[PDB]
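# Tertiary structure, described
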Amino acid sequence: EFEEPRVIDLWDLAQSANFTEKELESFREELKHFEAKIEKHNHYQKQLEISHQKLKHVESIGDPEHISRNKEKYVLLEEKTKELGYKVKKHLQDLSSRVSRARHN
Amino acid sequence: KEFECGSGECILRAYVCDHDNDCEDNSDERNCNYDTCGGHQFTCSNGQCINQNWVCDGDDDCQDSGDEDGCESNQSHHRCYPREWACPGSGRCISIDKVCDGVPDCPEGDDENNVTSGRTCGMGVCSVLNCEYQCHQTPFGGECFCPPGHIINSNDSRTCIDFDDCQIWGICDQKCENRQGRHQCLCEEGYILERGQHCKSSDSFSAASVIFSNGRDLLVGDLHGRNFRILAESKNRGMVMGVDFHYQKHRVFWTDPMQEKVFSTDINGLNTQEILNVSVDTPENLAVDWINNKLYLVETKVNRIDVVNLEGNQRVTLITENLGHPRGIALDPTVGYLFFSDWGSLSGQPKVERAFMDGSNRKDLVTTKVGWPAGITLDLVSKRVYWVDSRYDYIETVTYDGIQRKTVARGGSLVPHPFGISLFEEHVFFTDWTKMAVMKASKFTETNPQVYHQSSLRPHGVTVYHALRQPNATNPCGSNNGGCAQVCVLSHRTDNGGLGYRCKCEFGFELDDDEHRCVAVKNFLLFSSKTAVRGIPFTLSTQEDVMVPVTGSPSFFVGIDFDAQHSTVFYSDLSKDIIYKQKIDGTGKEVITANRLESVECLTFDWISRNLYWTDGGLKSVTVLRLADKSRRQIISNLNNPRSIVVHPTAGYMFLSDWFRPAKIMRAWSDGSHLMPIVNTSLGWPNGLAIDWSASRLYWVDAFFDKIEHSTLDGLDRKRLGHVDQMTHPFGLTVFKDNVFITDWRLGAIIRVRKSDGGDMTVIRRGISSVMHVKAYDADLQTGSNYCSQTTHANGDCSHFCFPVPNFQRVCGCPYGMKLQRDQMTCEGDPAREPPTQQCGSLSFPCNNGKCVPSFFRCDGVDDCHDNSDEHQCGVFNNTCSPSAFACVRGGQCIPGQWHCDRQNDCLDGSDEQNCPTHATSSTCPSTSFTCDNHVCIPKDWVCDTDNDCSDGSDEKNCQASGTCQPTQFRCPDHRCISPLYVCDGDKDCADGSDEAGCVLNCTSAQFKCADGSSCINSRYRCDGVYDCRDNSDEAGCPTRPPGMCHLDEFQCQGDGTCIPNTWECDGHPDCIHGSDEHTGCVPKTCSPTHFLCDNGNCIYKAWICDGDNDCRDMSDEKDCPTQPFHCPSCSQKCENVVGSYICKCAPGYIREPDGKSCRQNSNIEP
Amino acid sequence: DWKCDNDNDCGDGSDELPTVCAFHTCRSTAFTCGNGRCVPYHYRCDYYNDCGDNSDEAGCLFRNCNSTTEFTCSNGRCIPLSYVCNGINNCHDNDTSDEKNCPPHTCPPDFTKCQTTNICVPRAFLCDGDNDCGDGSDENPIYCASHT
Amino acid sequence: XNXXX
Ligand SMILES: *[C@@H]1O[C@H](CO)[C@@H](O[C@@H]2O[C@H](CO)[C@@H](O)[C@H](O[C@@H]3O[C@H](CO[C@H]4O[C@H](CO)[C@@H](O)[C@H](O)[C@@H]4O)[C@@H](O)[C@H](O[C@H]4O[C@H](CO)[C@@H](O)[C@H](O)[C@@H]4O)[C@@H]3O)[C@H]2NC(C)=O)[C@H](O)[C@H]1NC(C)=O
Ligand SMILES: *[C@@H]1O[C@H](CO)[C@@H](O[C@@H]2O[C@H](CO)[C@@H](O[C@@H]3O[C@H](CO[C@H]4O[C@H](CO)[C@@H](O)[C@H](O)[C@@H]4O)[C@@H](O)[C@H](O[C@H]4O[C@H](CO)[C@@H](O)[C@H](O)[C@@H]4O)[C@@H]3O)[C@H](O)[C@H]2NC(C)=O)[C@H](O)[C@H]1NC(C)=O
Ligand SMILES: *[C@@H]1O[C@H](CO)[C@@H](O[C@@H]2O[C@H](CO)[C@@H](O)[C@H](O)[C@H]2NC(C)=O)[C@H](O)[C@H]1NC(C)=O
Ligand SMILES: *[C@@H]1O[C@H](CO)[C@@H](O[C@@H]2O[C@H](CO)[C@@H](O)[C@H](O)[C@H]2NC(C)=O)[C@H](O)[C@H]1NC(C)=O
Ligand SMILES: *[C@@H]1O[C@H](CO)[C@@H](O)[C@H](O)[C@H]1NC(C)=O
Ligand SMILES: *[C@@H]1O[C@H](CO)[C@@H](O)[C@H](O)[C@H]1NC(C)=O
Ligand SMILES: *[C@@H]1O[C@H](CO)[C@@H](O)[C@H](O)[C@H]1NC(C)=O
Ligand SMILES: *[C@@H]1O[C@H](CO)[C@@H](O)[C@H](O)[C@H]1NC(C)=O
Ligand SMILES: *[C@H]1O[C@H](CO)[C@H](O)[C@H](O)[C@H]1NC(C)=O
Ligand SMILES: *[C@H]1O[C@H](CO)[C@H](O)[C@H](O)[C@H]1NC(C)=O
Ligand SMILES: *[C@H]1O[C@H](CO)[C@H](O)[C@H](O)[C@H]1NC(C)=O
Ligand SMILES: *[C@H]1O[C@H](CO)[C@H](O)[C@H](O)[C@H]1NC(C)=O
Ligand SMILES: [Ca+2]
Ligand SMILES: [Ca+2]
Ligand SMILES: [Ca+2]
Ligand SMILES: [Ca+2]
Ligand SMILES: [Ca+2]
Ligand SMILES: [Ca+2]
Ligand SMILES: [Ca+2]
Ligand SMILES: [Ca+2]
Ligand SMILES: [Ca+2]
Ligand SMILES: [Ca+2]
Ligand SMILES: [Ca+2]
Ligand SMILES: [Ca+2]
Ligand SMILES: [Ca+2]
Ligand SMILES: [Ca+2]
Ligand SMILES: [Ca+2]
Ligand SMILES: [Ca+2]
């Protein structure tokens, strides 16, 4: 019962790991939190795309004030989106490494 | 629908309560209070929870970088707080008052006059660049002072600007808090603030005292050390290793690895009792859990951390996995954390790590530059952990989460070899093996530790006895024993859903799904090795042992089996030549037999008839013994090298392996009669045997051909499992459920594969020394009956022995010297055919145990029977001590000669040390060496290496920080001098790493270089089937067998296509399935008339025929003349030229089909 | 194997005479009687006399069963109270204790009891070799052969 | 070889 391919893969691999049932339940909750994180990431990437569409329209228009406002919004939004992206990448690395370690031991 | 931010967006409700400001006005995170972070999670500055393993991993995770707030030590950066200045070129920082005091301060000496910079003590250009405050007289240039609460702003050089003094390391002892820029050193309850900076214990507590081991003895002294007193002397040549205390119990505990015991006493030293005395072979350290009245013990013979009640009851093991060399231990029951150090794990890394007090949620607290961490203590009020390093020679500190790493001492001139450590108020106390003293130092930073006590022996285990050292707190387990069935162990306060404790149960039991109740264990993996006999769960997740590890001091364990009705395990100590039995819980060790045992290689137990069988490699025989009456008999007498043995109580068979050159696996009735080979083709070294009880199939394993095979109990339906990746010398195996567990000698590991096919190799245990037999303990397996155990008539109506026989029958047997009378069920004594015998010959002394030892060993001072009888009541006028010993002259005690004049009084009368002469003379330490003050000689290069090689501290005496070494020596930066032999030797020795940095590992002779340049290995380890290089480059490119072929030195069997060594061809024994290796082309060997020709095809002297020795290795020279004296000495591919019907063989690379007329290609590849 | 086991396996008794059992030994897997006869070991304490002396069932311990549904006859056994006094010998004992517990009961003729034993059998199962009674008239010292 | 140490 998961919606993102990465969390499905991680759960599928962690099924065969040497996890205690307690650690398995805690890992399940952790994958739910990681799923929330990736949904936040893709939502804000799509928001970045829509802001890029507005920015493209503004730059085609060429208004300096519109360009400045859309820049203030867009560069900060891209910064935040990257902030979420690196966190998602790190969490994926942690979970995958832990599962792989728990498959061999 | 959704929450609306001030920006005007219906923001998803999931973005509220998530620590992230998801819209411009931050209203989504303005109100929502968040849940706390448990013990296994780290609190960020904003309250966010992250995994504990994310702290100090090298990545900023709290977006404040609070989880990476100074994980690296010695981060001076010339910054080092205001009022301080740094010597350029080193980064060392010195406060302002010391710079230009008239003497150099930093190791550079930049704080005084020098002509390189042209600097003199004086006020420079600061007279023009005045600040708002005092300028100063720094030689390099006038800098200016700052009042409290303010740094000098780097942009200004003139204005001091706010910061916090309350964060400076060492500003106040204990907690601090800042009042508008004024720091206040509040002290926790029970402490009185003094001098405005220091807090002292209130006189509501009975002063304080320091308890430490001076070496042999346990001493106690005041904080201002003047009144040392001996609290307990070590009896029987013991040594006090690690100490701890319980304040409210008035109790002090200590361990003793020379006597292999754990003791306890009161501070008056009167009431003394030994806590533990089984399976405590090397009790490295100790810790007291005062809240829950339990004792945490570190053991290093079998690396584990055990927790036990006071007075030594309710044993249970907490941590076993990857434990390597555990040395230090400490705990804080008020919070629920357990800290212990490790100077090298099974994975190699030395580390200091943290866990819950129940052993869960382990975490690498400190991992970089760790070295040899030897001791740990806790600052409970400040929530910091202190630990020492005996290899990089420092004392460092981190918080409970590992954030604020600070170093309090560094260098071989200060802390050459710390072992223990203890903390109290403003000071920290630590033993040192090189200074031979208990040291005293400031808890924050210090440059010259004062000697607190000086000892002539290596000291261990400092601790400070006080009430504030063990604060009061509530006990969750204090009510109803926590509700658990047997044992209640604390955990972190947030563990177990806020209950703060976890239920466990003693050895021989496991928890029910109710998780408070617990029931007996049903099955576990019993395995044996040289070090110990251990039992581990079959699941790989919960790795902790489930039985008390059996251990002996000179021991070497090989054989194992079990009796699940009594929950006991049988084992043979090949070093003692004794067979024991012992319960699961560790109690009840008893001797099964000790007579006529040369080398017992394997054990098996018939649980229905209660018979114990074992194979003797030295007697070349297998013996059966009944536990009910200790009677025994040899049932097979003239084997060559019997190794393994299994008995099938219901089927009534036994199976044993003989790996002498014509290797075979034999089957017999459980009586030992009807002996017959059942597997004698394609065998080399059949080390292990097993039975698949579900399918009734015999399993064996070869160490020559490295294959696992299984077959029916008749030897028919033989099958072979697939290749197992790295298996190259498998010794023992066992079958449980659908898996096969095998021990491998070359790997030194236990691997598990499927029993259906080759399986997926899973390494259960690794790096396990001289591993031996493995057996699956199983209470369910040992349920059954036969005509030997019917409830209505006992023992099958036999007198002494009853043996199951195939086809559901029984056969009676008799002990030695007794025969079955007419009845076939009752045994009558027959001394005529089997005369009664004595324990052993006239040349030796029979113990009171059944074992026999040489007469020279009697009264030599050391126990040789292991049931002390050769030293019992020696020294009487007529019973002399052996001339290798020394008699305590007033009579009644014979000590070994080695104990005479060894600076330790062993005799009851002290004669062993009385009248000892002086023996120095011209001790003549050669010119190539350094001479110690105790007249020992060591290599000159070992001087000033921060190691007490002289065993008196002389080679490290007067080892000031000189800045030079011996010319031959390599110098670690700011650490020590080291021998060049250790430079580029393979692993790290200096803290900065210079000794192993940048160098090239060009291999020696007979060594192979890995493809990645990781290391060099022996050429013997190349092309062996085991991966030795980390890149598997040692087994890459090795010669292989051509497809379907055999190597040029290997004859190919035409029946199956396997390969045998060429010397096995034309040897008289059919090694191939159909005997292709003994074709007519092989010429017979004719024996010179001076020799008899054996049935096995070998030559033996004419004189040795039926002489009473298995000279032909099959008794053919005996059985060819059992007439003995009755007196006293007083065409598909090839064609041949056979005489009759053709016997055409096929060419190599083909399989001769069962018709004997055609053959088929053997290669996988297609034509 | 059938030699010396109290069974006339050869018909003429040649395999059961004492003259051969004076030197014959039982098989190692066989139980030996006090007199010397040889018996398969599954006959040891199985509620049958096989050794002649009943020495194959001497010294045995048998489970005393519940008073709910057990009748314990002389050799020791456990059979239901309903099973006694009926047409089937459930306590196979020495002496017909399964149905001898009903001496004066009535089974009508042509469904006649075995003479002096209340096991009820038809008029002609006699002079035939089937163990149709453990007492009295199994082979009938007076009448046989359907007698018309 | 195959001997036990
Ligand atoms: C290696 O391991 C094998 C078993 O895998 C051993 O071979 C066996 O040796 C046993 C000797 O104890 C024998 O049981 C068996 O050999 C014979 O079995 C015969 C059964 O008769 C039928 O089968 C044979 C098969 O050859 C067939 O030819 C015959 O027509 C029947 O169909 C017995 O008749 C035979 O008796 C002969 O030998 C005995 C002495 O052993 C004499 O007393 C008899 O007069 C007669 O000559 C014999 O019992 C063997 N089975 C096989 C597979 O050959 C090897 O001994 C082992 N060798 C080593 C080096 O360890
Ligand atoms: C954790 O919590 C426990 C209580 O649960 C505290 O224990 C108390 O400790 C104090 C000392 O710090 C004790 O006070 C002293 O008691 C002495 C008599 O003790 C006897 O009787 C008690 C029962 O009442 C027994 O338990 C005990 O074993 C003894 O048999 C007094 O004689 C002392 O007074 C003397 O010294 C003081 C100065 O220290 C002088 O002012 C007096 O004039 C006199 O000379 C003193 O009063 C107290 O009794 C303990 N409580 C109990 C109930 O035993 C721990 O201190 C606490 N630990 C921490 C670190 O928090
Ligand atoms: C380990 O400790 C116990 C004491 O706790 C010893 O037990 C005693 O054993 C002897 C036999 O050796 C008995 O006669 C005593 O009665 C036992 N005492 C108790 C209290 O049970 C045991 O011997 C010790 N073993 C070793 C190796 O020291
Ligand atoms: C010679 O040495 C032995 C060993 O000490 C002594 O043997 C004693 O024998 C008696 C039985 O005869 C035992 O009860 C004692 O326990 C043994 N020991 C001692 C010291 O008495 C023997 O006594 C010694 N010779 C003499 C005459 O003392
Ligand atoms: C020092 O200079 C930097 C760069 O101009 C500035 O950002 C910082 O705020 C200055 N420090 C203070 C305390 O003003
Ligand atoms: C290894 O390398 C050094 C040069 O780097 C050389 O002088 C030395 O003789 C070599 N040693 C061996 C044992 O090959
Ligand atoms: C029936 O047998 C059981 C043992 O299985 C015994 O406990 C019980 O007492 C018996 N019933 C009666 C009525 O005694
Ligand atoms: C057992 O059997 C015989 C009849 O076959 C009988 O004569 C003997 O008395 C019996 N013993 C008892 C006590 O029933
Ligand atoms: C004596 O030796 C014989 C073998 O020669 C048996 O092992 C016997 O059991 C021995 N008995 C004793 C008491 O040592
Ligand atoms: C002790 O004295 C003896 C002579 O009595 C020898 O000289 C011996 O060398 C001395 N050793 C010491 C260390 O004084
Ligand atoms: C020991 O060797 C040293 C170095 O050669 C001296 O020669 C010394 O005199 C020697 N002394 C003895 C007793 O051999
Ligand atoms: C292994 O070596 C043989 C020669 O001994 C052949 O080269 C064979 O092709 C090799 N096998 C593989 C898989 O490389
Ligand atoms: Ca938010
Ligand atoms: Ca981090
Ligand atoms: Ca100075
Ligand atoms: Ca050191
Ligand atoms: Ca091998
Ligand atoms: Ca001795
Ligand atoms: Ca001594
Ligand atoms: Ca040294
Ligand atoms: Ca090195
Ligand atoms: Ca290798
Ligand atoms: Ca051969
Ligand atoms: Ca011989
Ligand atoms: Ca018969
Ligand atoms: Ca019977
Ligand atoms: Ca009936
Ligand atoms: Ca009849």
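Residues numbered from 1 in each chain as written, not as in the entry; some residues may be left out. Chains lettered and ligands numbered in written order. Heavy atoms only, no water. Residues with missing side-chain atoms left out of burial classes, pairs and counts.

### Some points on the overall build of chain A
Counting its secondary structure elements, chain A contains three helices and zero strands. Starting at the N terminus and ending at the C terminus, chain A contains elements arranged as α-α-α. In terms of C-alpha radius of gyration, chain A reaches 19 Å, well past the compact-globule figure of 13 Å for 105 residues. In terms of overall dimensions, chain A has C-alpha extents of about 60 × 25 × 15 Å along its principal axes. (Helix = DSSP H or I, 4+ residues; strand = E, 2+ residues; numbered from the N terminus. Rg over C-alpha atoms; globule rule 2.2 N^0.38 Å.)

### A few points about the sheet that holds strand β33 (residues 427-432) of chain B
All names here are of chain B. Pairing within the open sheet is antiparallel, and its four strands lie in the order β32-β33-β34-β35. Each edge of the sheet is formed by a strand with only one pairing partner; in this case those strands are β32 (422-424) and β35 (450-454). Within this sheet the neighbouring strands show an average axis-to-axis angle of 25°, counted without direction. (Pairing = 2+ DSSP bridges. Axes fitted to C-alpha atoms, helices over the stretch in contact; angles between N-to-C directions.)

### Overview of the coordination of the calcium ion (ligand 25)
Ideal donor angles around a metal are set by the shape: a four-donor tetrahedron calls for 109.5 degrees, a six-donor octahedron for 90 or 180 degrees. All names here are of chain C. For the calcium ion (ligand 25), the full set of protein donor atoms is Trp2 (O), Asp5 (OD), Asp7 (O), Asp9 (OD), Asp15 (OD) and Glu16 (OE), and the range of their distances to it is 2.1 to 2.4 Å. In this structure, the calcium ion (ligand 25) is surrounded by six donor atoms whose angles at the metal cover 76 to 169°, and the resulting shape is irregular. Written as a sequence motif, the donor arrangement for the calcium ion (ligand 25) is W-x2-D-x1-D-x1-D-x5-D-E. A relative accessible area of 7% means that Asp15 is categorised as buried. (Donors = N, O, S within 2.8 Å, 3.2 Å for Na, K, Ca; no water. Tetrahedral: all angles 85-135°; square planar, octahedral: opposite > 155°, others 65-115°. Buried < 20%, exposed > 50% of the residue type's maximum accessible area, 1.4 Å probe, protein only.)

### Focus: the interface of chain B and chain D
With nine residues of chain B in contact, the opposing surface of chain D contributes five residues. A class-by-class count of the residues in the side of chain B that touches chain D yields six nonpolar, two polar and one charged. (Contact = heavy atoms within 4.5 Å. Nonpolar A, V, L, I, M, F, W, Y, C, P; charged D, E, K, R; others polar.)

### Some thoughts on the packing of aromatic side chains
Summed over the entire model, instances satisfying the criterion amount to 38 aromatic pairs over all chains. Taking the centre distance of 6.4 Å and the plane angle of 90° together, the rings of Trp387(B) and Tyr394(B) count as edge-to-face. Looking at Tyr394(B), the relative accessible area reads 4%, which means it is buried. A network of ring pairs unites the aromatic residues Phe212(B), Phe228(B), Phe429(B) and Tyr452(B) as a single cluster. Between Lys71(A) and the ring centre of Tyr74(A), over which it is positioned, the NZ or CZ distance is 5.2 Å. Cation over ring: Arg354(B) sits above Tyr337(B), and NZ or CZ is 4.2 Å from the ring centre. (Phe/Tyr/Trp six-rings, centres within 6.5 Å; stacked < 30°, edge-to-face > 60°. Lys NZ or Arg CZ within 6 Å of the ring centre and 35° of its normal.)

### Observations concerning the interface of chain A and chain B
One widely used convention gives an interface's size as the accessible area the parts lose upon coming together. With 17 residues of chain A at the interface, the matching set in chain B holds 16 residues. Interface area, chain A with chain B, both sides summed: about 1300 Å², of which 41% is carbon and sulfur. Of all residues in chain A, the largest losses of buried area upon contact with chain B belong to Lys40(A), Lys87(A) and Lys90(A), amounting jointly to 37% of the total for that side. Put simply, chain A and chain B have six salt bridges between them. The residue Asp22(B) makes a salt bridge to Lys40(A) at a minimum N-O spacing of 2.9 Å. Summed over the shared surface of chain A and chain B, the number is six residue pairs in polar contact. Elements that contribute at least two residues to the side of chain A that touches chain B include exactly α2 (21-61) and α3 (64-104) of chain A. (Buried area = accessible area lost by both parts, 1.4 Å probe. Salt bridge = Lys/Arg side-chain N within 4 Å of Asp/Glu carboxyl O. Polar contact = N/O pair within 3.5 Å; in protein donor to acceptor, adjacent residues only side chain to side chain.)

### Things to note about the pattern of salt bridges
Residues and elements named next belong to chain B. Tallying each qualifying case throughout the model produces 64 salt bridges over all chains. The salt bridge involving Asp563 is made with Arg610; its shortest N-O contact spans 2.7 Å. Of this pair, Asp563 sits in strand β44 (residues 557-563) while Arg610 sits in the loop between β48 (600-606) and β49 (611-616), and the two are 47 residues apart along the sequence. Residue classification places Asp563 among the buried residues on the basis of a relative accessible area of 1%. A relative accessible area of 22% places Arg610 in the partly exposed class.

### A closer look at the sheet that holds strand β13 (residues 209-213) of chain B
All names here are of chain B. Strand order across the open sheet formed by four strands is β15-β14-β13-β36, with antiparallel pairing between neighbours. Each edge of the sheet is formed by a strand with only one pairing partner; in this case those strands are β15 (229-232) and β36 (460-465). Each strand axis lies, on average, 25° off the axis of its neighbour in the sheet, ignoring direction. Two strands pair when backbone bridges link them, and β13 and strand β14 (residues 218-222) are joined in this way by five bridges, in the antiparallel orientation. Residue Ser209 lies in a different strand from β14, and its bridge partner there is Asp222.

### Description of the side chain of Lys40(A)
Turning to its location among the elements, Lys40(A) is positioned in helix α2. On the basis of relative accessible area, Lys40(A) is assigned to the buried category, the value being 9%. In this structure the side chain of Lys40(A) is engaged in a polar contact, spanning 2.5 Å, whose partner is the side chain of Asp18(B). Contacts of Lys40(A), omitting those with residues within four sequence positions, involve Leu84(A), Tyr15(B), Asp18(B), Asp20(B) and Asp22(B).

### Quick look at the nonpolar core
Residues and elements named next belong to chain B. Within the largest apolar cluster, 38 residues are counted, with the highest numbers of intra-cluster contacts made by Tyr296, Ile319, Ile329 and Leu338. The element best represented in this core is strand β25 (residues 337-342), accounting for four residues. Taken domain by domain, this core gets at least three of its residues from each of domain 1 (209-473) and domain 2 (477-520). Sequence-distant contacts of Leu338, that is, excluding residues within four places in its chain, are made with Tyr296, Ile319, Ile329, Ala330, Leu331, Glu353, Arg354, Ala355, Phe356 and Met357. Core analysis: the next-biggest nonpolar cluster, separate from the first, contains 32 residues, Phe557, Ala564, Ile592 and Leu603 among them. (Core = buried A, V, L, I, M, F, W, Y, C linked by side-chain atoms within 4.5 Å. Domains from an automatic or database assignment.)

### Things to note about empty space enclosed by the protein
Residue and element names in this part refer to chain B. When its volume is computed, the largest cavity comes out at roughly 400 Å³. Residue lining of the largest cavity: 29 residues in total, with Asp244, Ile329, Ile376, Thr377 and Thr463 positioned closest to the centre. Of all elements in the fold, only β16 (243-246), β20 (283-289), β24 (326-332), β28 (373-379) and β36 reach the threshold of two or more residues within the lining of the largest cavity. Looking at the lining of the largest cavity, the element that brings in the most residues is β28, giving five residues. Of the residues assigned to the lining of the largest cavity, the class counts are 17 nonpolar, ten polar and two charged. (1 Å grid on protein atoms, 1.4 Å probe; cavity = no way out; pocket = protein on both sides within 12 Å on 5 of 7 lines; lining within 4 Å. Points joined across faces, edges and corners; volume = space filled by probe spheres on them.)

### Overview of a nonpolar patch on the surface
Residues and elements named next belong to chain B. Together, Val125, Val128 and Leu129 make up a nonpolar patch on the protein surface, roughly 270 Å² of accessible area in all. Along the chain, the position of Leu129 falls in the loop between β6 (93-95) and β7 (150-152). Residue classification places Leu129 among the partly exposed positions, given a relative accessible area of 36%. (Patch = residues over 30% accessible without salt bridge, like charges linked within 9 Å, V, L, I, M, F, W, Y side chains within 5 Å. Areas by Shrake-Rupley, 256 points an atom, 1.4 Å probe, with all protein chains shown as cover.)

### What to know about the state of the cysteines
One pass over the full model with this rule turns up 53 disulfides over all chains. The residue that forms a disulfide with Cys1066(B) is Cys1082(B), at a sulfur-sulfur distance of 2.0 Å. Because the sign of the S-S torsion sets the handedness, a value of about -50° for the bond joining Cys1066(B) and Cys1082(B) places this disulfide among the left-handed ones. Residue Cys1066(B) is found in the loop between β80 (1059-1061) and β81 (1091-1093), and its partner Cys1082(B) is found in the loop between β80 and β81; the two are separated by 16 residues along the sequence. We classify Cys1066(B) as partly exposed; its relative accessible area is 39%. Each sulfur of the disulfide joining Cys4(C) and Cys21(C) lies 2.0 Å from the other. The sign of the -105° torsion about the S-S bond sets the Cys4(C)-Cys21(C) disulfide as left-handed. You can see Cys4(C) sitting in the segment before α1 (18-21) and its partner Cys21(C) sitting in helix α1, a full 17 residues away along the chain. With respect to burial, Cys4(C) and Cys21(C) carry one shared label: buried. (Disulfide = S-S within 2.5 Å.)

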